[PDB]
Structures are given as C-alpha cells and as structure tokens.
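Chemist: Quick one, upload_10.txt (compact mmCIF, N, CA and C atoms and all ligand atoms):
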```txt
# COMPACT_ATOMS: atom_id res chain seq x y z
N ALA A 478 -54.43 5.12 -13.78
CA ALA A 478 -53.29 4.64 -14.62
C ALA A 478 -52.31 3.79 -13.80
N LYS A 479 -51.45 4.47 -13.04
CA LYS A 479 -50.37 3.82 -12.28
C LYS A 479 -50.92 3.03 -11.07
N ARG A 480 -52.16 3.31 -10.66
CA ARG A 480 -52.75 2.67 -9.47
C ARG A 480 -53.42 1.30 -9.74
N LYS A 481 -54.02 1.09 -10.92
CA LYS A 481 -54.60 -0.23 -11.30
C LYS A 481 -53.51 -1.28 -11.57
N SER A 482 -52.41 -0.82 -12.18
CA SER A 482 -51.23 -1.67 -12.39
C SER A 482 -50.59 -2.05 -11.05
N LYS A 483 -50.61 -1.12 -10.09
CA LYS A 483 -50.05 -1.37 -8.75
C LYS A 483 -50.93 -2.31 -7.90
N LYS A 484 -52.25 -2.17 -7.99
CA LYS A 484 -53.20 -3.12 -7.34
C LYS A 484 -53.03 -4.55 -7.87
N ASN A 485 -52.75 -4.68 -9.17
CA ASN A 485 -52.59 -6.00 -9.78
C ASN A 485 -51.28 -6.70 -9.49
N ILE A 486 -50.19 -5.94 -9.47
CA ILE A 486 -48.92 -6.45 -8.95
C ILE A 486 -49.12 -6.97 -7.51
N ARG A 487 -49.70 -6.17 -6.64
CA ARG A 487 -49.94 -6.62 -5.26
C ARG A 487 -50.77 -7.92 -5.22
N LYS A 488 -51.83 -7.99 -6.02
CA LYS A 488 -52.71 -9.14 -6.02
C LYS A 488 -52.03 -10.40 -6.57
N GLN A 489 -51.23 -10.21 -7.62
CA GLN A 489 -50.40 -11.27 -8.21
C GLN A 489 -49.45 -11.85 -7.17
N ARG A 490 -48.75 -10.95 -6.49
CA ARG A 490 -47.80 -11.31 -5.46
C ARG A 490 -48.48 -12.10 -4.35
N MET A 491 -49.69 -11.68 -3.98
CA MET A 491 -50.44 -12.37 -2.95
C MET A 491 -50.80 -13.77 -3.41
N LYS A 492 -51.16 -13.94 -4.68
CA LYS A 492 -51.43 -15.26 -5.22
C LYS A 492 -50.17 -16.14 -5.19
N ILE A 493 -49.02 -15.59 -5.56
CA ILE A 493 -47.77 -16.34 -5.59
C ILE A 493 -47.43 -16.83 -4.18
N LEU A 494 -47.54 -15.94 -3.20
CA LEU A 494 -47.21 -16.30 -1.83
C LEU A 494 -48.21 -17.37 -1.27
N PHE A 495 -49.48 -17.25 -1.61
CA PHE A 495 -50.49 -18.21 -1.19
C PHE A 495 -50.20 -19.59 -1.79
N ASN A 496 -49.86 -19.62 -3.08
CA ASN A 496 -49.58 -20.85 -3.79
C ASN A 496 -48.34 -21.57 -3.25
N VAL A 497 -47.33 -20.82 -2.80
CA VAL A 497 -46.17 -21.44 -2.13
C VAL A 497 -46.56 -22.30 -0.92
N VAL A 498 -47.52 -21.81 -0.14
CA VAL A 498 -47.93 -22.51 1.07
C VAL A 498 -48.77 -23.70 0.66
N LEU A 499 -49.67 -23.48 -0.30
CA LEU A 499 -50.58 -24.53 -0.79
C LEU A 499 -49.86 -25.74 -1.39
N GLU A 500 -48.75 -25.49 -2.07
CA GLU A 500 -48.09 -26.51 -2.86
C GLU A 500 -46.92 -27.19 -2.17
N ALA A 501 -46.53 -26.74 -0.98
CA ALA A 501 -45.32 -27.23 -0.34
C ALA A 501 -45.51 -28.69 0.10
N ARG A 502 -44.53 -29.54 -0.19
CA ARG A 502 -44.60 -30.94 0.19
C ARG A 502 -43.39 -31.40 0.96
N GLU A 503 -43.58 -32.39 1.81
CA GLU A 503 -42.49 -32.95 2.59
C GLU A 503 -41.56 -33.78 1.69
N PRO A 504 -40.25 -33.50 1.71
CA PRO A 504 -39.35 -34.34 0.92
C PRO A 504 -39.46 -35.79 1.39
N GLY A 505 -39.32 -36.72 0.45
CA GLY A 505 -39.39 -38.14 0.77
C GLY A 505 -40.80 -38.65 0.58
N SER A 506 -41.72 -38.19 1.43
CA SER A 506 -43.09 -38.70 1.46
C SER A 506 -44.05 -38.04 0.46
N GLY A 507 -43.77 -36.81 0.08
CA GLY A 507 -44.65 -36.05 -0.75
C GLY A 507 -45.86 -35.50 -0.02
N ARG A 508 -45.94 -35.69 1.30
CA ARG A 508 -47.05 -35.22 2.09
C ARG A 508 -47.22 -33.69 1.95
N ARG A 509 -48.45 -33.25 1.71
CA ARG A 509 -48.74 -31.82 1.55
C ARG A 509 -48.88 -31.17 2.93
N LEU A 510 -47.99 -30.22 3.20
CA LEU A 510 -47.83 -29.68 4.58
C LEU A 510 -49.05 -28.86 5.04
N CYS A 511 -49.76 -28.28 4.08
CA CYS A 511 -50.86 -27.43 4.35
C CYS A 511 -52.17 -28.15 4.63
N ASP A 512 -52.21 -29.49 4.58
CA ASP A 512 -53.51 -30.20 4.73
C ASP A 512 -54.31 -29.82 5.97
N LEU A 513 -53.65 -29.76 7.13
CA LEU A 513 -54.35 -29.47 8.38
C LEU A 513 -54.55 -27.99 8.67
N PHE A 514 -54.08 -27.12 7.78
CA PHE A 514 -54.33 -25.68 7.85
C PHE A 514 -55.45 -25.20 6.90
N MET A 515 -56.01 -26.10 6.09
CA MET A 515 -57.00 -25.72 5.06
C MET A 515 -58.30 -25.23 5.68
N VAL A 516 -58.81 -25.97 6.65
CA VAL A 516 -60.04 -25.60 7.32
C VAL A 516 -59.87 -25.71 8.87
N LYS A 517 -60.33 -24.72 9.59
CA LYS A 517 -60.29 -24.75 11.04
C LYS A 517 -61.08 -25.97 11.62
N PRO A 518 -60.68 -26.47 12.78
CA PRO A 518 -61.38 -27.63 13.38
C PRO A 518 -62.85 -27.32 13.64
N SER A 519 -63.71 -28.32 13.54
CA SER A 519 -65.12 -28.18 13.89
C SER A 519 -65.27 -27.81 15.38
N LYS A 520 -65.99 -26.71 15.66
CA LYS A 520 -66.32 -26.28 17.04
C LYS A 520 -67.15 -27.34 17.74
N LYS A 521 -68.12 -27.90 17.02
CA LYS A 521 -68.96 -28.97 17.56
C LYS A 521 -68.11 -30.18 17.96
N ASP A 522 -67.11 -30.54 17.15
CA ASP A 522 -66.30 -31.73 17.45
C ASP A 522 -65.19 -31.46 18.45
N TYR A 523 -64.63 -30.24 18.47
CA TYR A 523 -63.43 -29.95 19.31
C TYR A 523 -63.58 -28.63 20.05
N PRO A 524 -64.52 -28.56 21.02
CA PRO A 524 -64.82 -27.25 21.58
C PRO A 524 -63.64 -26.69 22.34
N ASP A 525 -62.81 -27.57 22.89
CA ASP A 525 -61.65 -27.09 23.65
C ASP A 525 -60.64 -26.33 22.80
N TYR A 526 -60.60 -26.60 21.50
CA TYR A 526 -59.71 -25.87 20.60
C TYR A 526 -60.06 -24.41 20.67
N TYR A 527 -61.36 -24.11 20.73
CA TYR A 527 -61.86 -22.73 20.68
C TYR A 527 -61.85 -22.02 22.04
N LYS A 528 -61.53 -22.74 23.11
CA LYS A 528 -61.18 -22.14 24.38
C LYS A 528 -59.72 -21.77 24.41
N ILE A 529 -58.91 -22.34 23.53
CA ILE A 529 -57.47 -22.03 23.51
C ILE A 529 -57.21 -21.00 22.44
N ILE A 530 -57.80 -21.20 21.26
CA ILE A 530 -57.56 -20.36 20.11
C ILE A 530 -58.74 -19.39 19.93
N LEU A 531 -58.53 -18.13 20.30
CA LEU A 531 -59.60 -17.14 20.34
C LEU A 531 -59.90 -16.47 19.00
N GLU A 532 -58.92 -16.46 18.10
CA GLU A 532 -59.10 -15.89 16.79
C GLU A 532 -58.57 -16.87 15.74
N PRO A 533 -59.45 -17.76 15.28
CA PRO A 533 -59.07 -18.84 14.39
C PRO A 533 -58.81 -18.33 12.99
N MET A 534 -58.02 -19.06 12.24
CA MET A 534 -57.65 -18.64 10.89
C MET A 534 -57.28 -19.88 10.12
N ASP A 535 -57.61 -19.92 8.83
CA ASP A 535 -57.28 -21.07 8.01
C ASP A 535 -57.15 -20.59 6.58
N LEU A 536 -56.71 -21.45 5.68
CA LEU A 536 -56.38 -21.01 4.31
C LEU A 536 -57.65 -20.71 3.50
N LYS A 537 -58.75 -21.37 3.84
CA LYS A 537 -60.06 -21.09 3.24
C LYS A 537 -60.47 -19.64 3.48
N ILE A 538 -60.27 -19.13 4.71
CA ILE A 538 -60.55 -17.73 5.04
C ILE A 538 -59.60 -16.78 4.29
N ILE A 539 -58.32 -17.10 4.24
CA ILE A 539 -57.36 -16.22 3.60
C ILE A 539 -57.58 -16.21 2.09
N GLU A 540 -57.97 -17.35 1.53
CA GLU A 540 -58.25 -17.44 0.10
C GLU A 540 -59.45 -16.52 -0.24
N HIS A 541 -60.50 -16.57 0.59
CA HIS A 541 -61.69 -15.73 0.45
C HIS A 541 -61.31 -14.27 0.53
N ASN A 542 -60.43 -13.92 1.46
CA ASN A 542 -60.00 -12.53 1.61
C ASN A 542 -59.20 -12.03 0.42
N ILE A 543 -58.37 -12.89 -0.17
CA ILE A 543 -57.56 -12.53 -1.34
C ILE A 543 -58.47 -12.27 -2.55
N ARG A 544 -59.37 -13.22 -2.79
CA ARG A 544 -60.24 -13.18 -3.96
C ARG A 544 -61.25 -12.03 -3.89
N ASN A 545 -61.76 -11.75 -2.70
CA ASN A 545 -62.64 -10.59 -2.47
C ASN A 545 -61.91 -9.24 -2.13
N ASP A 546 -60.63 -9.11 -2.49
CA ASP A 546 -59.88 -7.86 -2.28
C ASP A 546 -60.09 -7.24 -0.91
N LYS A 547 -60.00 -8.06 0.13
CA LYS A 547 -60.14 -7.57 1.49
C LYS A 547 -58.81 -7.06 2.06
N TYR A 548 -57.69 -7.43 1.44
CA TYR A 548 -56.38 -7.00 1.94
C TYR A 548 -55.89 -5.79 1.14
N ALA A 549 -55.39 -4.76 1.83
CA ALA A 549 -54.78 -3.61 1.13
C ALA A 549 -53.47 -3.99 0.48
N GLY A 550 -52.67 -4.80 1.16
CA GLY A 550 -51.40 -5.30 0.61
C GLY A 550 -51.06 -6.68 1.14
N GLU A 551 -50.00 -7.26 0.59
CA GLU A 551 -49.53 -8.54 1.06
C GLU A 551 -49.18 -8.57 2.56
N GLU A 552 -48.86 -7.43 3.18
CA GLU A 552 -48.50 -7.42 4.60
C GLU A 552 -49.72 -7.85 5.44
N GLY A 553 -50.93 -7.48 4.99
CA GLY A 553 -52.18 -7.93 5.63
C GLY A 553 -52.43 -9.43 5.48
N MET A 554 -52.17 -9.96 4.29
CA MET A 554 -52.34 -11.38 4.07
C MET A 554 -51.35 -12.14 4.94
N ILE A 555 -50.12 -11.66 4.98
CA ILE A 555 -49.06 -12.29 5.74
C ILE A 555 -49.36 -12.33 7.24
N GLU A 556 -49.99 -11.27 7.75
CA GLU A 556 -50.39 -11.21 9.17
C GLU A 556 -51.44 -12.29 9.49
N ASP A 557 -52.35 -12.58 8.55
CA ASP A 557 -53.29 -13.68 8.68
C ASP A 557 -52.63 -15.07 8.64
N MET A 558 -51.68 -15.25 7.74
CA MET A 558 -50.86 -16.44 7.69
C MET A 558 -50.16 -16.64 9.05
N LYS A 559 -49.54 -15.59 9.53
CA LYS A 559 -48.80 -15.65 10.80
C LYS A 559 -49.69 -15.96 11.98
N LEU A 560 -50.90 -15.40 11.99
CA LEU A 560 -51.89 -15.77 13.01
C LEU A 560 -52.23 -17.28 12.95
N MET A 561 -52.46 -17.79 11.74
CA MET A 561 -52.73 -19.20 11.51
C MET A 561 -51.59 -20.07 12.05
N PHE A 562 -50.36 -19.69 11.75
CA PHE A 562 -49.22 -20.46 12.23
C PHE A 562 -49.01 -20.36 13.74
N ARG A 563 -49.17 -19.17 14.29
CA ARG A 563 -49.11 -19.00 15.76
C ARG A 563 -50.15 -19.84 16.46
N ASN A 564 -51.37 -19.84 15.93
CA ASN A 564 -52.43 -20.72 16.47
C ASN A 564 -52.02 -22.18 16.50
N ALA A 565 -51.48 -22.67 15.39
CA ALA A 565 -51.04 -24.03 15.30
C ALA A 565 -49.97 -24.34 16.35
N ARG A 566 -48.99 -23.44 16.50
CA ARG A 566 -47.91 -23.66 17.46
C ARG A 566 -48.33 -23.45 18.94
N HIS A 567 -49.39 -22.71 19.16
CA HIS A 567 -49.98 -22.51 20.51
C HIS A 567 -50.75 -23.75 20.90
N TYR A 568 -51.63 -24.22 20.03
CA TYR A 568 -52.46 -25.39 20.31
C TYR A 568 -51.70 -26.74 20.32
N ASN A 569 -50.80 -26.93 19.37
CA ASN A 569 -50.14 -28.23 19.21
C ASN A 569 -48.82 -28.27 19.94
N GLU A 570 -48.40 -29.47 20.35
CA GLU A 570 -47.15 -29.61 21.12
C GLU A 570 -45.90 -29.38 20.25
N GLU A 571 -44.85 -28.85 20.87
CA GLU A 571 -43.50 -28.74 20.29
C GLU A 571 -43.01 -30.10 19.82
N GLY A 572 -42.48 -30.16 18.61
CA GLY A 572 -42.06 -31.46 18.09
C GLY A 572 -43.19 -32.29 17.50
N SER A 573 -44.43 -31.83 17.54
CA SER A 573 -45.51 -32.50 16.79
C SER A 573 -45.32 -32.14 15.32
N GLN A 574 -45.92 -32.93 14.45
CA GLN A 574 -45.83 -32.73 13.04
C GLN A 574 -46.49 -31.40 12.60
N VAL A 575 -47.69 -31.09 13.12
CA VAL A 575 -48.38 -29.83 12.79
C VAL A 575 -47.54 -28.65 13.27
N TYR A 576 -46.95 -28.77 14.45
CA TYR A 576 -46.11 -27.70 14.98
C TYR A 576 -44.95 -27.44 14.01
N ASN A 577 -44.23 -28.50 13.64
CA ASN A 577 -43.11 -28.41 12.66
C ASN A 577 -43.55 -27.92 11.29
N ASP A 578 -44.70 -28.40 10.84
CA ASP A 578 -45.25 -27.91 9.56
C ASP A 578 -45.49 -26.39 9.57
N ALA A 579 -46.07 -25.87 10.65
CA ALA A 579 -46.29 -24.41 10.79
C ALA A 579 -44.98 -23.66 10.69
N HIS A 580 -43.96 -24.14 11.38
CA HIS A 580 -42.66 -23.51 11.30
C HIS A 580 -42.11 -23.47 9.86
N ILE A 581 -42.05 -24.63 9.21
CA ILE A 581 -41.53 -24.73 7.86
C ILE A 581 -42.35 -23.87 6.87
N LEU A 582 -43.68 -23.91 6.97
CA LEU A 582 -44.51 -23.13 6.04
C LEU A 582 -44.30 -21.65 6.24
N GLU A 583 -44.21 -21.20 7.50
CA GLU A 583 -43.84 -19.81 7.75
C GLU A 583 -42.47 -19.40 7.17
N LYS A 584 -41.45 -20.27 7.26
CA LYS A 584 -40.13 -19.97 6.64
C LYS A 584 -40.24 -19.86 5.12
N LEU A 585 -41.04 -20.75 4.51
CA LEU A 585 -41.20 -20.77 3.05
C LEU A 585 -41.89 -19.49 2.58
N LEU A 586 -42.91 -19.07 3.32
CA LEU A 586 -43.63 -17.84 3.02
C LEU A 586 -42.67 -16.62 3.06
N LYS A 587 -41.95 -16.49 4.16
CA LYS A 587 -40.97 -15.42 4.34
C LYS A 587 -39.88 -15.43 3.26
N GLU A 588 -39.37 -16.62 2.91
CA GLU A 588 -38.35 -16.73 1.87
C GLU A 588 -38.91 -16.34 0.50
N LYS A 589 -40.14 -16.71 0.19
CA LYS A 589 -40.70 -16.35 -1.12
C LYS A 589 -40.95 -14.83 -1.20
N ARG A 590 -41.29 -14.22 -0.08
CA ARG A 590 -41.49 -12.78 -0.06
C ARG A 590 -40.16 -12.03 -0.33
N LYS A 591 -39.07 -12.44 0.31
CA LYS A 591 -37.73 -11.88 0.05
C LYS A 591 -37.30 -12.08 -1.42
N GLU A 592 -37.56 -13.26 -1.98
CA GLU A 592 -37.34 -13.53 -3.40
C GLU A 592 -38.11 -12.59 -4.33
N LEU A 593 -39.36 -12.27 -4.00
CA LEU A 593 -40.15 -11.32 -4.80
C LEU A 593 -39.55 -9.91 -4.75
N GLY A 594 -38.93 -9.56 -3.62
CA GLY A 594 -38.31 -8.26 -3.43
C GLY A 594 -39.34 -7.17 -3.19
N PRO A 595 -38.87 -5.91 -3.02
CA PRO A 595 -39.73 -4.71 -2.88
C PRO A 595 -40.65 -4.50 -4.09
N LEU A 596 -41.84 -3.93 -3.86
CA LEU A 596 -42.94 -3.89 -4.87
C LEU A 596 -42.48 -3.49 -6.28
NI NI B 601 -52.64 -20.79 25.81
NI NI B 602 -66.81 -12.35 3.08
NI NI B 603 -36.12 -24.63 11.00
```
What does the file become when written as structure tokens?
Modeler:
Amino acid sequence: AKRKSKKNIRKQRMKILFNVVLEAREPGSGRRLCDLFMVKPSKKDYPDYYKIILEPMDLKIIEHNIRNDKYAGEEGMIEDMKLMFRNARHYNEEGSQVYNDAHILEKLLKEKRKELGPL
C-alpha cells in the first residue's frame, strides 16, 4: 500500500532531477550544457582519459540506472551525478567551458533537490 506510492514518488523525483540537468541551457547562446556529459569519451580514441578517470560516468549510464530501478533513492542517483561532475572537473582545466558547465549543472541539481523538499 504505502510502499508502492513511496517508490513512485522517489522515481518521479529522480526523473525531475534528471530532466533539470538534461534541459539546462546557457543564457544568450541557448547551448545545452549537458552535451559533453551524455556519453563518456571513446577509450579507443582517448586512452589517456581512462588513465586519469578510473570510474567513468555519463548521463546514458544514469538514465539506464533510473529506468531499470537500480537506485534505492535519489541520493544514489545524485552520487552518480556528482561522480560525473567530479570526473569532468578532474580531467578538464579550471576555467574551461566543460569545467564551468559541471559546476553550474551540479548547482542546478542541488537547487532543484532543495525545491522538491523532504520526501
Ligand atoms: Ni589526477
Ligand atoms: Ni544494466
Ligand atoms: Ni558559481
């Protein structure tokens, strides 16, 4: 009874938080901030990326995890998002566009979670 309704609220919330990252655009240009986070770089094309980033993460993986109910709650999805953003900021230089995008997308995610409030 009360547990299927609670699983669905959690799953809904996870969709809302995912969609915030997916849809965010740069003011002025309309550039979609999430473009370079959608799929991890090709290992064949950029092997050095995988010597720096030991646990890769991208939105394709997180989308798969959401849809296949692999996360117990949004805190698990958020930890994957945070790993993705940390990877971006570890690999890319400070003041690069991808570095700044990771920062802004992480703030948007955190702000939308506070807006949703406690379960
Ligand atoms: Ni390093
Ligand atoms: Ni799978
Ligand atoms: Ni800032």
Chemist: Show me which residues line ligand NI 601 (chain B), defined as having an atom within 7 Å of a ligand atom where all atoms listed in the file count, and present them as a ChimeraX atom specification.
Modeler: /A:529-530,567-568
Chemist: Between atom C of residue 557 (chain A) and atom C of residue 481 (chain A), what is the distance in Å, rounded to a tenth?
Modeler: 24.5 Å
Chemist: If you take all atoms listed in the file and a cut-off of 8 Å, which residues of chain A touch ligand NI 603 (chain B), and what are their nearest atom pairs and distances in Å to one decimal, in chain and number order, as a tab-separated table?
Modeler:
```
residue	atom	partner	partner_atom	distance
A:580	C	B:NI603	NI	6.2
A:581	N	B:NI603	NI	6.2
A:584	CA	B:NI603	NI	7.5
```
Chemist: Which residues of chain A sit at most 8 Å from ligand NI 602 (chain B), using all atoms listed in the file? Give each one's shortest atom pair and distance in Å (one decimal place), in chain and ascending residue order, as a Markdown table.
Modeler:
```
| residue | atom | partner | partner_atom | distance |
| --- | --- | --- | --- | --- |
| A:541 | C | B:NI602 | NI | 6.4 |
| A:542 | N | B:NI602 | NI | 6.8 |
| A:545 | CA | B:NI602 | NI | 7.2 |
```
Chemist: A:531, A:536, A:579, A:585: which is nearest residue 562 (chain A), counting only C-alpha atoms?
Modeler: A:579
